[PDB]
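Scroll down for the structure; my scribbles are underneath it.
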């Protein structure tokens, strides 16, 4: 019936809003996380440089 | 106002059609960020992974030269 679909259409829309808000929030944090994940590679690249320096400093040092 | 209402009500309808035709793009937009940001995030994690054991093998090389 034409009423049956109206309240079925209301839900679809009420529910889309949730889904969009869902992507908004994944996009949100997966991004903010991706970022701090990169800061972790950074601080790790900088640790590897100061570590190998400390090493070879006593390493090839005779 | 005779046709004010017959225009001001049509003008609104296909302004509403665009809004919806345009959200479809935006959603598809998030779908694609969520897509790659995710696939990227992990490859990013694999880089921290290989980097963490680089640091494990060198710090052991170092602290290996102690009483030595």
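What follows draws every value from the coordinates through simple rules; no lab data is involved.
Calculated mean residue ellipticity, 222 nm, chain B: -30500 deg cm²/dmol, from DSSP H runs (n ≥ 4) at -39500 (n - 2.57) each, averaged per residue and rounded to 500.
Which values, in whole Å and largest first, are the semi-axes of the equivalent ellipsoid of chain B obtained as the square root of 5 times each eigenvalue of the Cα gyration tensor? Working from the Cα gyration tensor, I get semi-axes of 65, 10, 4 Å. Each eigenvalue of the Cα gyration tensor of the protein assembly as shown, multiplied by 5 and square-rooted, gives one semi-axis; in descending order these are 61, 16, 9 Å.
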